[PDB]
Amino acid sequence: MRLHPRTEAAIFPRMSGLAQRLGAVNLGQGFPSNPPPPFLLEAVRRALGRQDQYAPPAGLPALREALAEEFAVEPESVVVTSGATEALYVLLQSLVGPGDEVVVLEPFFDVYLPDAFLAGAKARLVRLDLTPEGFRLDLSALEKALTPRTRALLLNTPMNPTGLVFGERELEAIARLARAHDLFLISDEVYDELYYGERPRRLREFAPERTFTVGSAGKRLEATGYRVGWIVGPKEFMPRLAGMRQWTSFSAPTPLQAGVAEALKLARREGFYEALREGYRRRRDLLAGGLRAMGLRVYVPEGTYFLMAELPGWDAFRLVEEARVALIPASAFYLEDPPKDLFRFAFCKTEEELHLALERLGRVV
């Protein structure tokens, strides 16, 4: 007896385990070290005992409605998934298969390749250029990766781990290419409210007929363990997506969907997103400023709570052991030939924790 070979798809947890043993500050964890806002907790608390049974696979009506309002679409174009993780899994399962190719940009988020593989498709990687000015997408490189077998392109903006936010010029180009080649566009926008400059434009604004936008309540409201996410896309494809997620987990947690629906409305009216953005901006500048003071190259992020910097001559292991600071090496985001001495820092930690990390790194340089 043996498991099917597709289970071959089954460093992040390992780095955290090593950090706990050595008592190192963990800047590798990709989630907040604080609780969610009080208005969310109260909304959930209020739903408990009133909405505890199965919600429709497509999602609680109140949540679909609340999301439709924000995206300026009809409720039927919204499907609630068990986290953006499920949204991405179901999207690949529904869009590609054996004989199909999907374009993924490198550095990538960890679920992209596994999801493509589990769907039976082939992932073609297009690497962003690391220029003196920072990360940049080369449109000619993207264009040359397209083949008659390509059916979809997966984009992540604001981007994890680079912190890159694609501008209107690049979004328009991607839209034209998708139209010319009749491709589906999957946009992982879980960090859509975490940006530091001008309000970014969305890919769906340029190619609404073929773009699926993914979001996460966990990444918007500092509640990653709630497992409530969504897909916003063309109405004609949504019923089938709802049908597919029905088999994977049936429906997202009902009381959590209920609380999130209410929290999304209040967050907007109470200016919670602006306060969140400023709180992270302060921490971004604290960390970036501290690293540059040490003479290190830091690629200041336009979004997300991640930042990448170069630490010449270091490897993640020696760092956590000597400096007592855990970081994630660039190798975790590249398939092969990762940039040298590049590391991802997560600044969704307390300022005290960040100051501690800088002091420790400073000692060992």
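So that there is no doubt, residue numbering starts at 1 and follows the sequence shown.
**Q** Counting only residues that lack coordinates, how big is the gap in the deposited sequence between residue 10 and residue 11? Pick none, 1 to 3, 4 to 9 or 10 or more.
**A** In the deposited sequence, 1 to 3 residues between these two have no coordinates.
**Q** So, looking at the entry's B-factor column for Cα atoms, which has the higher mean, 158 to 166 or 145 to 153?
**A** The stretch with the larger mean CA B-factor is 145 to 153.
**Q** Mean C-alpha B-factor higher for 87 to 95, or for 136 to 144?
**A** Higher mean C-alpha B-factor: 136 to 144.
**Q** Among 52, 337, 310, 302, where is the Cα B factor highest in this entry?
**A** Within the set 52, 337, 310, 302, 337 shows the top C-alpha B-factor.
**Q** Looking at 67, 332, 48, 58, which has the highest Cα B-factor in the entry?
**A** By C-alpha B-factor in the record, 48 ranks first.
**Q** Ordered by C-alpha B-factor within the chain, which third holds residue 245? Give me lowest, middle or highest, please.
**A** Residue 245: CA B-factor falls in the lowest third of its chain.
**Q** Among the modelled residues of this chain, does the Cα B factor of residue 212 put it in the lowest, middle or highest third?
**A** For residue 212, the deposited C-alpha B-factor lands in the lowest third.
**Q** How does the C-alpha B factor of residue 77 compare with the rest of the chain: lowest, middle or highest third?
**A** Middle third of the chain for residue 77's C-alpha B-factor.
**Q** Considering only modelled residues of the same chain, in which third does the CA B-factor of residue 39 rank: lowest, middle or highest?
**A** Middle third, going by the recorded CA B-factors of the chain.
**Q** Looking at the C-alpha B-factor of residue 206, is it in the lowest, middle or highest third of its chain?
**A** As the PDB entry reports it, the C-alpha B-factor of residue 206 lands in the middle third of its chain.
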